[PDB]
Structures are given as C-alpha cells and as structure tokens.
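Reminder, nothing fancy here: chain letters follow the sequence lines and each chain counts from 1.
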Amino acid sequence: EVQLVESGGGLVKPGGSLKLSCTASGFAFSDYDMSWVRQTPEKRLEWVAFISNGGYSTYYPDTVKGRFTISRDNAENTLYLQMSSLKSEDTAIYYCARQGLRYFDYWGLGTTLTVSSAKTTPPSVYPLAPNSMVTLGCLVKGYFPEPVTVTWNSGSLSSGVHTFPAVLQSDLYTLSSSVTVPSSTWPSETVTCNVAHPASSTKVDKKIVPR
Amino acid sequence: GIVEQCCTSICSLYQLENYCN
Amino acid sequence: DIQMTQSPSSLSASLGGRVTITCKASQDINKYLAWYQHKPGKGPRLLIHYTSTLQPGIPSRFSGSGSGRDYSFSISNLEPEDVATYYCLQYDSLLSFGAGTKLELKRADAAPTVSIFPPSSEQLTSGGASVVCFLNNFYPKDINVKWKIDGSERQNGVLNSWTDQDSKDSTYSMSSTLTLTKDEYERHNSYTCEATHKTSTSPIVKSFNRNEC
Amino acid sequence: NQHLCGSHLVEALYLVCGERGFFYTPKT
C-alpha cells in the first residue's frame, strides 16, 4: 500500500531553521511530483512547496519563497523541506502529498511545527473535587508548549472522560479534563489523573480526594 | 513534471495544453 | 490561483440523511475541481476529481457536479464515519483550496450536567486560586455561562473553551474557569456558575461556600 | 535569452498557453 510518513517537526524560535523529512513507500517514488501542504490553526489548507518527479522543477508561494527549499533523494525515497528564518505565521501541521496529476491524491499523517519565543514550561496539575454519579477532573495549568496527554486510572477509566482544548494566554497554556464515574466506586475506591508533558519530560499522578 | 516529459521529446499540442493554467 | 468560496462553514445532519456543499470559483475553472475529507489526527483523503469522477474505493454515496463557476458535493445515506471536515480544490490555474465545511451529527436536544469545583490545597499553597465549572454532554452546540460570587456577577479574568462534538453521544461539552490571585478566594465566601441552555427557562445553578459537599 | 530544451519547450508553451501561462504538472 502507498505510504507517506512525515517527521522532524518540533518547536523553533523565530528566525530559526528546521528540516522536515517525508519517507515514501509502496509506489515508484521517482515517477511522482510531490508537494508539502500545511494546515494552519484556523484549519486552512495552504500549499507550501512543490518539486517535480526528477527534481528539475520547483515552485513556492510568495509567503515562503526565499526561506523554504524543497528537495528530494530518489534513491532513498525521501522528500525534504528545509525551512529557515522562521516566523510565527509558519506554525502549522505540515503534510506530504503526492501529485500524479495536479490534484493531490495521497497525504501523510503530518508533523507539527511551532514557532514561538516562549520558554518550555512544565504544567502544574491540580485535583478537582466537588447522586448516583460523580464528575471529577484535574486542572493542568501554566505549561508550554502543546501537547499534554491526560489519562484516568492509568487509562483504565475511559467514558466519563473527555478533555477540553487548551487556551493560550499570557503565553502559557491551560486546559482541564473531566471524568464521570459511578458514585458507588468513588470516594470508596481511588481515582487518579495521570498527566504527561513530553517537552518538559514530565509525568505526574494526581489523586482525587473528596471533602 | 513537464521538464521530465517534454524536454527530451516533442510533446503534442494536446499534451502541452494539459499543462496550462 | 483562483478564489474558492465554500459554504456553508458547518452543517448538522442525521444518520441516513443527505447533505450538500457548494464551491463557487472566482472565474471559470473548466471542471478541474477535487473534493477531500479530513478527520482530526489523520491526513486528508481524496474523494472526487474532475468535478464528479469518484476515486477508486470511495463509496458511491459520495458525488459531485457543476460546471463553469458553480459546483456542489453531496453525501447520500450519511454514515457516522462521514463526520469530518470537507474541502474543495480547484486545479485549473495552479491550485487553490476552499475554506472547508465542518460536518457534524444531528441529535436530540439535551441539557448540560453542571459541576462546580473549588480550588485545591496545591494551588492556594502556591499563590493562586482557580474555580472551574463543567457543562457536560449537551445539545445543541451553543450555551452561555455566568459566574456569580457574593450574589453579584463577575465578568473579567474568565476564559472558556469548547469541546468538539463528542463522538460518543453526539453531545457537546464546555468548561468555564474563573482564575483569581489566591487572596480574593479567602476574601469572599459564595461562588456560583449558572448555565443557560435552550432546554430550559431558568439556568442550571451550582454553588458552594465555606464547606463543600 | 536562449533556450534549454531541444524541443523548444518554453517557446511552445507561450504559443499554447499564451498569457495565463503554465504549471509543471498536467491537470489530466
């Protein structure tokens, strides 16, 4: 089967550089023109860069022309995007996409880029305690950058659960997560939010205690 | 792309048309 | 590089039903229009090229049509995995995308379950005080939240955030957080979030003071 | 401004596409 796998995304300071890679398999890569396309936080799809199958031809929109360079290694079935002098408007999910004809026909799963001057910060994780059912949660405050993951009872609780989108301001993120469990089993039987923030190498377990 | 297809060989006028904007 | 105006921005539809999206080009695009499906956490997937030609493997309940400047895309017999954002792309003159259409599930109106939470030991010991409120599993999307403290409403220092359509019950949820320096928590006693939904005359009110259940 | 391709590719594109120009990938 046709497969495209992007990699290399991360956090970069404004004015910095970063090289993205895309690995191709399941088809004759050197026969296909290829592009990079991005989805902005406002959910618009933006064509970013194009290269023809043999690498002879190249195209960039004016918003990135001169700072981005697309290239390919046909013997290694790999497509690249070298970005430089990066700006906050570049923050997006970046996709690899194949162009047998001019419309795209296969996409990768994406790699995420964040451009920010903000400093990497681990979260503070606070318990939330308040019927045949109880609703608990945890507050994850003051972290940077995205993402955080939240599980309940080591992932073993899984329908009273949903997590709300982080809100940014004062250049830190805050979110919360909710859990609904049978009132019989809590506070009779403990419930814990596991929080993970990979960028700051943080995992924290916070027990939910009643009143 | 067009350079790989229509540079070593002459391409038809129908074929070239498919590359236009 | 032509402008595509896609509409509507969002739709609600019921299982088994039928939906229609339109794309309008700023100039004639000679039927070179494609349609993509995009789900959260995946890459886009191509449905239709040359206005109405199905990509192999794509179910026949998807279709498209149009000419010149006016095009449309349709789903017959809506299935739950059809919930996604859909985009059009013209490729007559370079290439350009429509803004997208978010497709969600219709559902029976349902009221929010509201829950109040006071700040914890951890937080006050660190100089802050955060009171949170959950408005969970309600429909339709829109809700409003008012915070009440000492009998009067307070409307600054509050930010709110909305879940997307929950894939489990087709409901939405919302979270409201009023955050204070820790020394306006012990100043006051009474804290209240009330949730007003089209499902009820009177808001659903939850509150606490100086000993919490 | 001499040409690169033995087929006179650039000049032939001016004739076929005129002034709207061309892109490197065909649309059908």
Side-chain angles (χ1 to χ4, degrees), chain A residues 123-131 133-143 148 150 160-170 172-180 193 195 206 208 211, chain C residues 109-120 122-124 128-166 169 171-182 184-185 187-200 202-209 212-213:
Chain A
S124 311
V125 171
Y126 305 109
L128 304 177
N131 259 358
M133 278 209 147
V134 202
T135 297
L136 317 155
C138 269
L139 205 174
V140 180
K141 193 161 180 61
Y143 71 82
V148 292
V150 284
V161 163
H162 62 235
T163 321
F164 303 83
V167 183
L168 177 292
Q169 79 131 320
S170 160
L172 291 187
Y173 283 104
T174 294
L175 65 74
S176 277
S177 176
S178 170
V179 58
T180 295
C193 85
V195 176
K206 231 56 192 195
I208 301 309
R211 288 314 227 287
Chain C
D109 294 30
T113 299
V114 188
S115 295
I116 195 90
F117 305 99
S120 73
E122 200 135 59
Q123 196 162 3
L124 291 116
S130 312
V131 196
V132 299
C133 181
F134 294 170
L135 318 182
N136 276 358
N137 309 104
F138 66 93
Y139 189 86
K141 75 289 171 202
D142 211 318
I143 190 84
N144 281 66
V145 192
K146 273 67 207 198
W147 271 95
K148 213 75 66 59
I149 290 176
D150 320 302
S152 281
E153 182 217 342
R154 181 99 157 275
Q155 186 247 328
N156 260 294
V158 199
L159 252 189
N160 310 281
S161 147
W162 266 257
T163 292
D164 270 286
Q165 169 152 90
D166 191 285
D169 40 3
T171 73
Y172 299 86
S173 288
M174 193 279 209
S175 52
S176 181
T177 310
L178 169 45
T179 37
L180 293 322
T181 321
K182 166 279 183 194
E184 202 171 342
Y185 191 57
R187 184 106 40 72
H188 307 259
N189 227 299
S190 147
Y191 292 49
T192 313
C193 68
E194 34 202 28
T196 326
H197 196 230
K198 96 182 274 180
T199 40
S200 196
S202 35
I204 305 145
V205 170
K206 307 281 171 142
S207 176
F208 72 94
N209 46 98
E212 48 278 322
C213 329

Taking atom [atom1] of [X] and atom [atom2] of [Y], what is their separation to the nearest 0.5 Å?
X: C:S115; Y: A:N131; atom1: OG; atom2: CG; answer: 8.0 Å
X: A:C138; Y: A:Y126; atom1: SG; atom2: OH; answer: 11.5 Å
X: A:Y143; Y: A:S124; atom1: OH; atom2: OG; answer: 12.0 Å
X: C:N189; Y: C:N209; atom1: CG; atom2: CG; answer: 5.5 Å
X: C:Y139; Y: C:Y172; atom1: OH; atom2: OH; answer: 6.0 Å
X: C:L124; Y: C:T181; atom1: CG; atom2: OG1; answer: 11.0 Å

Apply side chain to side chain contact (heavy atoms under 4.5 Å, CB included) to residues A:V167 and A:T174 and explain how you reach the verdict. CA-CA 5 Å; A:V167 183; A:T174 294; 5.7 Å; no
For the student: nearest non-hydrogen atoms of [X] and [Y], plus distance:
X: C:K206; Y: C:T192; result: O-CG2, 3.3 Å
X: C:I204; Y: C:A111; result: CD1-CB, 4.4 Å
X: C:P118; Y: C:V131; result: CA-CG1, 4.4 Å
X: C:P140; Y: C:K198; result: CD-CD, 3.9 Å
X: C:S190; Y: C:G151; result: OG-N, 4.0 Å
X: C:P203; Y: C:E194; result: CB-CB, 3.9 Å

For residues [X] and [Y], determine if any side-chain heavy atom of one lies less than 4.5 Å from a side-chain heavy atom of the other.
X: A:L175; Y: A:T163; result: yes
X: C:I116; Y: A:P130; result: no
X: C:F138; Y: C:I143; result: yes
X: C:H188; Y: C:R154; result: no
X: C:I149; Y: C:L178; result: yes

If you measure from the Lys or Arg side-chain nitrogens to the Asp or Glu carboxylate oxygens, is any gap between A:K141 and C:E122 under 4.0 Å?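 Salt bridge between A:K141 and C:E122, a charged N being under 4.0 Å from a carboxylate O: no.
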Looking at C:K146 and C:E153, is there a salt bridge between them, counting it only when a charged N and a carboxylate O are closer than 4.0 Å?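 Looking at C:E153 and C:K146, the cut-off is not met.
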Cut-off 3.5 Å, side chains only: do C:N160 and C:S176 have a donor facing an acceptor?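 Side-chain D/A pair, C:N160 to C:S176: present.
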Check: C:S161 main-chain N/O paired with C:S175 side-chain donor or acceptor under 3.5 Å: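 A pair under 3.5 Å: yes.
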Evaluate the ring planes of C:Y185 and C:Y191, with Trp represented by its six-membered ring, and classify them as parallel (under 30°), tilted (30 to 60°) or perpendicular (over 60°).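 Because their plane-to-plane angle is over 60°, the rings of C:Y185 and C:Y191 count as perpendicular.
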How are the rings of C:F134 and A:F164 set to each other: parallel, tilted or perpendicular (split at 30° and 60°)?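 The rings of C:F134 and A:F164 sit tilted, inter-plane angle from 30° to 60°.
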Verdict with supporting geometry, C:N136 and A:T135, side-chain hydrogen bond (donor to acceptor under 3.5 Å, both in side chains): CA-CA 10 Å; C:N136 276 358; A:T135 297; 5.0 Å; no
Among A:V148, A:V140, A:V150, the one residue meeting side-chain contact (heavy atoms from CB on, under 4.5 Å) with A:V125: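 The residue from A:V148, A:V140, A:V150 that satisfies side-chain contact (heavy atoms from CB on, under 4.5 Å) with A:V125 turns out to be A:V140.
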